[PDB]
């Protein structure tokens, strides 16, 4: 006898393209703007 | 006589006497003093520095402006108390000797 060609069915041989692929993460951080800010009591200029 | 240093010298004989027949209930005899001294300078001296301590820094002042007063008025109350303490200190120990304008006419000069 002869079998010519035969192969397995179905598993890890059909998976070899798809890893799958991974990704990327990031924070999750900010600031605030302070540029407007002055004190809200204010007598010391009255020295004038 | 024993306290000449405690009277102002250009008001003479610094006493108002007066005598009632009738004592206070529960005292066999009493006297009332009403003395007018320069010494009261002390009251207005302390209060007007404490007042400049406040209005110089507008401290406590929002509560009163907040009822319709203005900063001119604090200035005028102060202006007057400072003027007043300066009047009592003008007369604190003011001379019976003449005050000011000490200038004169000279000598006749060859021509």
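Count begins at 1; order follows the chain as displayed.
Method reported for this entry: electron microscopy, 4.1 Å.
Keep in mind that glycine also has a Cβ here, set from the backbone N, Cα and C atoms.
Taken verbatim from Swiss-Prot:
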type     : residues : note
CROSSLNK : A:4      : ubiquitin cross-link
CROSSLNK : A:9      : ubiquitin cross-link
CROSSLNK : A:17     : ubiquitin cross-link
CROSSLNK : A:31     : ubiquitin cross-link
CROSSLNK : A:48     : ubiquitin cross-link
CARBOHYD : A:9      : glycation site
CARBOHYD : A:30     : glycation site
CARBOHYD : A:31     : glycation site
MOD_RES  : A:9      : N6-methyllysine
MOD_RES  : A:12     : phosphoserine
MOD_RES  : A:29     : deamidated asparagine
MOD_RES  : A:35     : phosphoserine
MOD_RES  : A:43     : phosphoserine
SITE     : A:4      : site 'Not glycated'
SITE     : A:7      : site 'Not glycated'
SITE     : A:17     : site 'Not glycated'
SITE     : A:24     : site 'Not glycated'
SITE     : A:40     : site 'Not glycated'
SITE     : A:44     : site 'Not glycated'
SITE     : A:48     : site 'Not glycated'
For the recorded positions A:4, A:9, A:17, A:31, A:44, which one has its C-beta crowded by the most other C-beta atoms within 10 angstroms?
A:44
C-alpha spacing of residue A:17 (ubiquitin cross-link) relative to residue A:44 (site 'Not glycated'), in angstrom
75
Write out which of the listed recorded positions, namely A:17, A:29, A:30, A:40, A:43, A:48, lie with a C-beta under 8 A from a C-beta of chain B, sequence order kept, or 'none'.
A:43
Show which residues of the chain containing residue A:7 (site 'Not glycated'), separated from it by at least 6 in sequence, have their CB under 8 Å from its CB.
A:13
Modified residues considered: A:12, A:43; fewest surrounding Cβ atoms within 10 Å belongs to A:12
